[PDB]
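Visitor: Before I ask anything, let me first share the structure, which is written out below as C-alpha cells.
Just so it is clear, none of the values below were taken in a lab; they were calculated from the coordinates. Note that we place each Cβ from the backbone using ideal geometry, even for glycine, and neighbour counts take in every protein chain shown.
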Amino acid sequence: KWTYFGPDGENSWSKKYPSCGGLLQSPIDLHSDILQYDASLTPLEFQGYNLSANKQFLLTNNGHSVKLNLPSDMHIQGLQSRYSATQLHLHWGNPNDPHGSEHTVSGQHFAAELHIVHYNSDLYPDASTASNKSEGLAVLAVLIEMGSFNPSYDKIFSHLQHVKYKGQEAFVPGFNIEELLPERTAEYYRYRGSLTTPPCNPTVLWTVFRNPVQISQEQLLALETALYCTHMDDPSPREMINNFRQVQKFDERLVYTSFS
Amino acid sequence: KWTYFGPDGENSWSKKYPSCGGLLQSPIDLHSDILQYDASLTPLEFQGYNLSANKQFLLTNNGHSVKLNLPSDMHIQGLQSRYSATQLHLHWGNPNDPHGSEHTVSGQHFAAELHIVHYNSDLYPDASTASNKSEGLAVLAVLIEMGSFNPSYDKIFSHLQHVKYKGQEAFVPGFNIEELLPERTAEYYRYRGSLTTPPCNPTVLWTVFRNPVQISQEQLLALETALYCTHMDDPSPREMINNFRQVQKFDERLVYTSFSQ
Ligand SMILES: NS(=O)(=O)c1c(F)c(F)c(S(=O)(=O)CCc2ccccc2)c(NCc2ccccc2)c1F
Ligand SMILES: NS(=O)(=O)c1c(F)c(F)c(S(=O)(=O)CCc2ccccc2)c(NCc2ccccc2)c1F
Ligand SMILES: [Zn+2]
Ligand SMILES: [Zn+2]
C-alpha cells in the first residue's frame, strides 16, 4: 500500500495512482509570486460545527492519518454550492524535525496541518461519489504551530492511545469543531487543487486560513509519537510520522487571497 | 524520455527511472533542524579550474539544461579521493516566478543554481562508470540570486543564442571557473544524495556553498527565455523553464556544515 517513505513513497504514487502525476496537484507553497487578491471572496460561514456533546463521532486510524468522522449536517456556506462535512484529519512531521504541514507559506513549514473535508452535497449524495467528480470536494486547512496548550485540539489528542494501530477506532463525544479554527477565518488563500494523498484526484477546492492556531509542544509530541501506520499484528511496524506530501509545482496556476 | 512539466514530469520519473523513487534523493531544503557542524569538513582545493583561454569548451543544449563540457584535469582535492570535473550546467525558474534553484535554504528558493559535476577519477575510469557507484560522483552547487551583473557567468550566458535548441552546440573559450564560485568557498553544506535528474542515481556527494553569487535581472531573464527543450525543426516548441526538481523528504539523514552558526 502507498506510504510516505521508502519504495512506495510519494515519488512512486503515480505508478499505481496516475492522478498523483497529473494536473492540479496539492499541496503548494503559498508565496507572493503566485497570489492575487480577489475582493469578491467572502467569509465562510460554519454551520452545524457545534456537535452535540451527547452524540459521538468515530475516530479511526486509517493507516495514513487519524481521522474523525463528521456528520453531513455540518456544513459550510460561502462557496457557490453547499459543502457538507465528511471527516477531518491531520498531517505532521516528527520529533527530530517538527515541521510537517502540507502547505507552506513563503517556504516555511508549520508544525502540523488540520484538514476538514467536505463534499458538494448539492450535486452529490456522499463524499465517496463526490471525490472523483467535478466540484466534488472542499477542504479547509488550518496551519498549526507550537505555542500554548489547546484544550480544543485536546478533545481529539486525548484519545490517540485508543487508535494507535491501523484499523483501530474509538468514539469521541461531540464538541464544537469551530474551536479548531483560527482567528480571523475571513482571511484565507483559495485555489483549485487535489487530494494530497492517493488517489490524488484533482477535485478539491482548497481554503487555507491565513492565521495558524497553537498547540503545546507536549501536544505536538503526543501527536507525533502516538500512532502507527501498521495493523496491530504487522511483523514490520511503521510509526506514523512525516505523513505530509512535499509541495508541488504550481505554474500558471494562481492562488486567490481574501486579504490584500 | 522525461521533462519537468506534464505527464513526463517529476512525479512520474520513477516510472521509467526507478531510482527517482528510491532513497537518498536530492535536492533538499537546508534548515537548522537537520544541520550539524562538522569540523572535519576541510576546504576543497580547486585545481585546474583556471582553464586555458586558448582552449575552447563545448556548450550544449541537451534539451533539459545547458551544459558546458569540462576537462578531467580540473579537480577537487580534499575528498577521500580526487574527483575530476566532467561538466557544469544550470537550473532555473521562469520570468513569472524567477525562483528555480534546486536546493533551498530555510525554505528560500534562490533564482537559479549552478552544478559542477565531478567523478571519482581515482577509483573509476569516467563519469558514466562512476555514476552507479557509491559516492562515485561529487557535485558542487552554487546558489544564484538576482542582483549584480556577473561578468564571469556571462562567459557562459553570452553564448545562449547559439544553443537555443535541443542538440545545438557552441564553443566557449576557457576562463577561470573559480570565478563562478561564491565568497568563502570554505563554508559549505555537505550531504549524501542523488542526481536531481533521471536516472536519479543515489551516488552523489553534495557540496552546496553557503553563500550565493549574483547575476543580473537581464542575465537571469536571458537564461529563462533563451532556450527550448525541443529541436529547431519542431512546430510545437517547449520553453526550457522551471528545470528544477522539487525538494525531497530528508528524514533520518543529516546535512553537515563546515561553518557553525
Ligand atoms: N489530505 S486530503 O484532505 O486531500 C485527503 C486525501 F488526500 C485523500 F486521498 C483522501 S481519500 O480519498 O484517500 C479517503 C481517505 C483518507 C483520509 C485521510 C487522509 C488520507 C486519506 C481524503 N479523505 C477524504 C475523503 C472522504 C470520503 C471519500 C473520499 C475522500 C482526504 F481528506
Ligand atoms: N542535478 S545533477 O548535478 O545531479 C545533473 C543534471 F541536472 C543533469 F542534467 C545531468 S545531464 O546533463 O548529464 C543529462 C541527464 C543524465 C544524467 C546522467 C546520465 C545520463 C543522463 C547530470 N549528468 C551527470 C553525468 C555526467 C556525465 C556522465 C554521467 C552522468 C547531472 F549530474
Ligand atoms: Zn489531508
Ligand atoms: Zn544539476
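Visitor: Quick one: how many residues across the range B:230-256 are of a type in the set (A, V, I, L, M) and surrounded by 21 or more Cβ atoms within 10 Å (Cβ to Cβ)?
Guide: 4
Visitor: Restricting to the range A:1-16, count the residues that are more than 10 Å from B:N11 (Cβ to Cβ), hydrophobic (A, V, I, L, M, F, W, C) and facing chain B (nearest Cβ under 8 Å).
Guide: 1
Visitor: For the range B:230-249, which positions are more than 14 Å from every other protein chain (Cβ to nearest Cβ) and not acidic (D, E)?
Guide: Passing the criteria: B:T230, B:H231, B:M232, B:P235, B:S236, B:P237.
Visitor: For B:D73, all conditions in the list (1) more than 24 Å from B:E169 (Cα to Cα); (2) away from chain A (no Cβ under 11 Å); (3) among the acidic types (D, E) hold save one; what is the number of the exception?
Guide: Of the numbered conditions (1) more than 24 Å from B:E169 (Cα to Cα); (2) away from chain A (no Cβ under 11 Å); (3) among the acidic types (D, E), the odd one out for B:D73 is (1).
Visitor: In addition: State which residue is surrounded by the fewest Cβ atoms within 10 Å (Cβ to Cβ) when the search covers only the range A:17-33 and only residues that are more than 8 Å from chain B (Cβ to nearest Cβ) and polar (S, T, N, Q).
Guide: This residue is A:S32.
Visitor: So which residues in the range B:34-61 are surrounded by fewer than 15 Cβ atoms within 10 Å (Cβ to Cβ) and either within 15 Å of ligand 4 (Cβ to nearest atom) or within 14 Å of chain A (Cβ to nearest Cβ) (or both)?
Guide: If the condition is that a residue be surrounded by fewer than 15 Cβ atoms within 10 Å (Cβ to Cβ) and either within 15 Å of ligand 4 (Cβ to nearest atom) or within 14 Å of chain A (Cβ to nearest Cβ) (or both), then B:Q36 is the only one that fits.
Visitor: Now a separate question. Looking only at the range A:176-188, decide whether some residue is crowded, with 20+ Cβ neighbours inside 10 Å, in contact (Cβ under 8 Å) with a residue 60 or more places away in the chain and over 27 Å from A:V105 (Cα atoms).
Guide: Scanning the range A:176-188 turns up no residue that is crowded, with 20+ Cβ neighbours inside 10 Å, in contact (Cβ under 8 Å) with a residue 60 or more places away in the chain and over 27 Å from A:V105 (Cα atoms).
Visitor: Kindly establish whether B:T86 is under 17 Å from the mean Cα position of the chain (by Cα) and more than 14 Å from every other protein chain (Cβ to nearest Cβ).
Guide: Yes, satisfied.
Visitor: Answer with yes or no whether A:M74 is touching a helix residue (DSSP H, G or I) at 6+ places or on another chain (Cβ under 6 Å) and farther than 25 Å from A:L24 by Cα.
Guide: no
Visitor: Restricting attention to the range A:210-227, which residues are hydrophobic (A, V, I, L, M, F, W, C) and under 23 Å from A:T185 (Cα atoms)?
Guide: A:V213, A:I215, A:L220
Visitor: Are there any pairs, at least 6 apart or on different chains, whose C-beta atoms fall under 9 Å, with the first in the range A:80-108 and within 16 Å of ligand 4 (Cβ to nearest atom) and the second not hydrophobic (A, V, I, L, M, F, W, C), and if so, which?
Guide: Listed pairs, sorted by first residue: none to list.
Visitor: With respect to the numbered conditions (1) closer than 24 Å to A:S12 by Cα; (2) within 15 Å of the chain's Cα centre (by Cα); (3) among the aromatic types (F, W, Y), which one is the sole condition not fulfilled by A:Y228?
Guide: Condition (2) is where A:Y228 drops out.
Visitor: Consider only pairs whose beta carbons are under 7 Å apart and that are at least six residues apart or on different chains; among these, list those whose first residue lies in the range B:114-142 and is more than 14 Å from chain A (Cβ to nearest Cβ) and over 23 Å from B:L181 (Cβ atoms) and whose second residue is part of a loop (DSSP other than H, G, I, E, B) and within 8 Å of ligand 2 (Cβ to nearest atom).
Guide: B:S131/B:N201; B:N132/B:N201
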